[PDB]
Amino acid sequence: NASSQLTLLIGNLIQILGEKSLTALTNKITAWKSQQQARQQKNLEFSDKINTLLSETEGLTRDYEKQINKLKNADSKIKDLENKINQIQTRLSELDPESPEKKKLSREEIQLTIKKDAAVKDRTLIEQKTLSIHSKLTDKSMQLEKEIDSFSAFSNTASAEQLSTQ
């Protein structure tokens, strides 16, 4: 709307002062409008690109939280199993040799160790997925940086006066 007030203003000034007497001002006004329109367009593109990056970052955060919570439950399960296995092994060490209680206990230690081995392989998978999401978030932060550098490149060279003056 500054652009349309300007258009009224210069038109009124020409009505009295004369068109050729205001040529240089008219041309400066034309340049101002063109630069304004170019910046508005870049702002709109910038705002939409940021909106999409925020959505993509949100989506990756959701995946990340999902994995982190999986990792917490894997860590807990594993600690519990290691704890029960250490306790069975303490009991086992205390048996006089010719024992029948060894049978039940070693059976139990075997079955726990199978479960723990499986939980450790799962933990390892979750750790792997969690790092890949982390690195995708890193890619996004760097795409955001490229868009900021892109905007600053445009903004600092958008006018002729900008290029001629230090």
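In this text, residue numbers run from 1 along the sequence as written.
Taking the mean C-alpha B-factor of each stretch as recorded, 154 to 162 and 141 to 149 are not equal, and the higher mean is that of 154 to 162. Relative to one another, 69 to 77 and 88 to 96 have unequal mean CA B-factors, and 88 to 96 is the one with the higher figure. The PDB entry gives the largest Cα B-factor of the residues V120, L44, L131, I50 to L131. You'll see in the entry that, of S55, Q111, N27, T61, the Cα B factor peaks at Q111.
In the deposited entry, the Cα temperature factor of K136 sits in the middle third of values across the chain's modelled residues.
Annotation for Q40: C-alpha temperature factor in the middle third relative to the rest of the modelled chain, per the entry.
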